[PDB]
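Colleague: Next one to model:
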Amino acid sequence: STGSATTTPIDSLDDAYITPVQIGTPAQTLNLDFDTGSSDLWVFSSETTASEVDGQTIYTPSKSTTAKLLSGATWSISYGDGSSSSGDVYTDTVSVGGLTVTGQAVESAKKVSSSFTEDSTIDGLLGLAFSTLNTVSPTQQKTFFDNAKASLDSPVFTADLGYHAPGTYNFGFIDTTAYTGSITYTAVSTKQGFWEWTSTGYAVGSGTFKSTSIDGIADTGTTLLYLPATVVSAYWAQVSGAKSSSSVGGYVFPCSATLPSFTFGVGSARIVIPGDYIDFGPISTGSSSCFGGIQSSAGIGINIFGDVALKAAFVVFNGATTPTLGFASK
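Modeller: Numbering: from 1, shown residues only. See below for the structure:
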């Protein structure tokens with residue numbers, strides 16, 4: 001089998017991407033944030049504290065003839081941005097782009113933190129990291145990809161995120177029309193549960209490439225590119241007036257600037273992030289200070305190849321017995 005679904009930016013800045021997902025019988029369609037940095041499929045639901053729901057579409061398990069309470073199971077997750085959610089668990093039929101998994105764990109939120117409530121466009125998350133990170137207790141549950149894998153024509157999914165435009169998540173096949181050149185594959189460590197790999201270096205604009213190993217994760221659920229402070233300083237030093245602002249929480253730059261590109265290495269190959277992809281707009285409405293799309297990872301503990309980096313590439317998440325990542329230009 002295969003599936004193919006369009007993923008759409010939630011706003012004009014590409015702050016996140018939403019993909020329609022069918023849950024239950026008859027189908028209830030929710031727009032989920034596909035997140036290769038986590039491993040829980042959780043949704044706003046008829047069980048979510050009413051004051052914490054503000055415009056999201058909810059899953060109502062009592063209206064699904066295929067929903068079954070997973071007795072005794074609870075979940076609770078905290079993300080790197082400080083947001084969180086928790087609740088109980090159903091199994092139900094879940095379809096993405098024509099690919100169907102029966103018995104998928106659908107984690108129903110009883111509580112969500114304010115940032116989820118405040119984002120009316122995101123009805124939940126669909127985790128695509130390794131199932132070892134799944135938070136369901138006392139019986140850990142498998143991701144949608146893990147459940148689908150055996151049925152897929154090839155044990156892969158691909159992320160093709162758009163810049164200020166829709167893109168595609170495919171399951172089970174590699175669309176050879178969706179990228180240019182060849183796909184360069186690189187090793188993955190699953191030891192932390194992430195699609196963790198090592199970039200071979202970087203360049204800023206037209207500058208010379210610096211060969212240096214940068215371990216980090218391919219994370220579709222993180223908006224920005226988080227890299228070591230040395231790398232990030234080298235980038236922003238090329239932008240007149242750019243500075244790290246403790247009050248804002250990162251590098252800012254004059255909105256009047258034209259940003260240089262940023263290149264990262266994948267083996268001997270190179271992925272070029274155009275400068276415009278690094279502009280996240282005014283820090284507050286009407287400000288002429290703009291927020292940078294490349295930020296330091298120093299306070300995180302891991303480097304994160306988030307959407308800013310991934311949307312410059314066609315990315316293969318290869319879930320074969322030994323997983324690997326592939327990157328192609330597009």
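
Colleague: Contact partners for residue 291?
Modeller: 248, 250-252, 280-283 (C-beta atoms under 8 Å, 6 or more residues apart in numbering). Bear in mind the C-beta positions are built from the backbone N, C-alpha and C, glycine included.

Colleague: I'd like to know how many residues surround the residue lying closest to residue 173 once chain neighbours are set aside.
Modeller: Taking C-beta to C-beta, 6 or more residues apart in numbering, and ignoring the residues beside it in sequence, residue 173 has residue 2 as its nearest neighbour in space, at 4.9 Å. When counting by other C-beta atoms under 10 Å, one arrives at 18 neighbours for residue 2.

Colleague: So what does residue 2 look like in phi/psi?
Modeller: Backbone torsions of residue 2, given as degrees, to the nearest 10, read phi -140, psi 170.

Colleague: Correct me if wrong: it contacts residue 172.
Modeller: Yes. Here residue 2 reaches residue 172: they are 3.8 Å apart, a contact under C-beta atoms under 8 Å.

Colleague: Now list whatever residues contact both of the two.
Modeller: Residues touching both residue 2 and residue 172 (C-beta under 8 Å, 6+ apart): 99, 152-153.

Colleague: Tell me how far the residue lying closest to residue 61 once chain neighbours are set aside lies from residue 126.
Modeller: Setting aside the residues directly before and after it, residue 61 is nearest to residue 67 in space (C-beta to C-beta, 6+ apart), at 4.0 Å. For residue 67, the distance to residue 126 (C-beta to C-beta, to the nearest Å) stands at 17 Å.

Colleague: Between those two, tell me which one has more neighbours.
Modeller: residue 126 (28 against 21).

Colleague: For the more buried one, which residues are in contact?
Modeller: With C-beta under 8 Å, 6+ apart, residue 126 has these contacts: 19, 21, 32-35, 41, 96, 144.

Colleague: Bridged to it, which residues?
Modeller: Beta-bridge partners for residue 126, by DSSP bridges, are residue 34, residue 41.

Colleague: circling back to that earlier point, of the contacts of residue 126 - the most surrounded one?
Modeller: Ranking those using other C-beta under 10 Å puts residue 41 first, with 29 neighbours.

Colleague: Confirm for me that that residue is in contact with residue 129.
Modeller: No. Counting by C-beta under 8 Å, residue 129 is not a contact partner of residue 41; they are 11.5 Å apart.

Colleague: Tell me the residues that contact both of those two, please.
Modeller: Counting by C-beta under 8 Å, 6+ apart, the contacts common to residue 41 and residue 129 are residue 143.

Colleague: that older thread, give the PyMOL command for selecting the buried subset of the shared contacts of residue 2 and residue 172.
Modeller: For the buried members of the shared contacts of residue 2 and residue 172, the matching PyMOL selection, counting by 16 or more other C-beta atoms under 10 Å, is:
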select buried, resi 99+152
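
Colleague: and which of the shared contacts of residue 2 and residue 172 is nearest to residue 322?
Modeller: residue 152 (16.7 Å; C-beta to C-beta).

Colleague: does that closest one really touch residue 170, like I thought?
Modeller: No. Using C-beta under 8 Å, residue 152 is not in contact with residue 170, being 10.1 Å away.

Colleague: joint contacts of the two?
Modeller: Shared contacts of residue 152 and residue 170 (C-beta under 8 Å, 6+ apart): residue 2.

Colleague: check contacts around residue 184.
Modeller: Residues in contact with residue 184 (C-beta under 8 Å, 6+ apart) are 266-269, 326-328.

Colleague: for residue 274, that is, sorry about that
Modeller: By C-beta under 8 Å, 6+ apart, the contact list for residue 274 reads 163, 261, 312.

Colleague: now do residue 183
Modeller: 174, 314, 316, 326-328.

Colleague: Check residue 239 too.
Modeller: Contacts for residue 239 (C-beta under 8 Å, 6+ apart) come out as 253-254, 257, 259-260.

Colleague: can you rerun that using 6 Å?
Modeller: For residue 239, the contact set (C-beta atoms under 6 Å, 6 or more residues apart in numbering) comprises 253, 257.

Colleague: can you check residue 250 too?
Modeller: Shown in contact with residue 250 (C-beta under 6 Å, 6+ apart): residue 295.

Colleague: do residue 106 as well
Modeller: Taking C-beta under 6 Å, 6+ apart, one finds 23, 90, 92 in contact with residue 106.

Colleague: Who are the packing partners of the helix or strand containing the second one?
Modeller: Just to be clear, that refers to residue 90. Assigned by DSSP states H and E, residue 90 belongs to strand 84-96. For strand 84-96, the packing partners by 3 or more C-beta pairs under 6 Å, 6 or more residues apart in numbering; DSSP states H and E come out as strand 17-23, strand 68-78, strand 99-112.

Colleague: Just the buried positions in that strand, please.
Modeller: 85-96.

Colleague: Pick the one among those closest to residue 222.
Modeller: Closest approach to residue 222 among these (C-beta to C-beta): residue 85, at 16.7 Å.

Colleague: and the residue nearest to the closest one when sequence neighbours are not counted, how many residues sit next to it?
Modeller: Leaving out its chain neighbours, the residue that sits closest to residue 85 by C-beta to C-beta, 6+ apart is residue 112, at 4.3 Å. A total of 24 residues lie near residue 112 under the criterion other C-beta under 10 Å.
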